[PDB]
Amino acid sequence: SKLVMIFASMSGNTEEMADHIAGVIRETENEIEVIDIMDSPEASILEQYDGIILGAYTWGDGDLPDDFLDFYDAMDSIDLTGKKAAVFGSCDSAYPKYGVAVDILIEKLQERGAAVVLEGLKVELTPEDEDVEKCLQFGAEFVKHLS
């Protein structure tokens, strides 16, 4: 199957999660294209993949990264029925609205018809060894849901 991952990372933590999730997935007989939101992918490309993984940190007042906002709006015009999807992000518990960018992206994927096959994965700030193992398990479980 063909997979796409779109992530956002300002201080590298969500990037580290993306690289380890995609690196695990890459060891299967599936292709995965990993794209940084700062390269401005158009949301219509999501329609062209069998599975979709989004990664995002949370920004001010429980919001999406600023660089995700145009893409998020463009998701209202895409059809994801049938696709398998999942979301992860780095987070900070000094904020009350903890990791809610993950929950916002999950909700939009649901609205467009994707089958969200994993709970959202939230890691506090920089992954530690246990967090990297969670990233491994996330990629492993995602692949199990494909066909």
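Numbering starts at 1 and runs along the sequence shown.
Student: Per the PDB record, is the mean Cα temperature factor higher over 111-119 or over 42-50?
Tutor: For C-alpha atoms only, the mean B-factor is higher in 42-50.
Student: Using only C-alpha atoms and the B-factors in the entry, which stretch averages higher, 125-133 or 16-24?
Tutor: The deposited B-factors put 125-133 ahead on the C-alpha mean.
Student: Between 34, 102, 85, 91, which one tops the list for Cα B-factor in this entry?
Tutor: Out of 34, 102, 85, 91, the record gives the largest C-alpha B-factor to 91.
Student: Is residue 65 in the lowest, middle or highest third of its chain when residues are ranked by C-alpha B-factor?
Tutor: Bottom third by C-alpha B-factor.
Student: Place residue 81 in the lowest, middle or highest third of its chain's C-alpha B-factors, as listed in the PDB entry.
Tutor: Tercile = lowest for this residue's CA B-factor.
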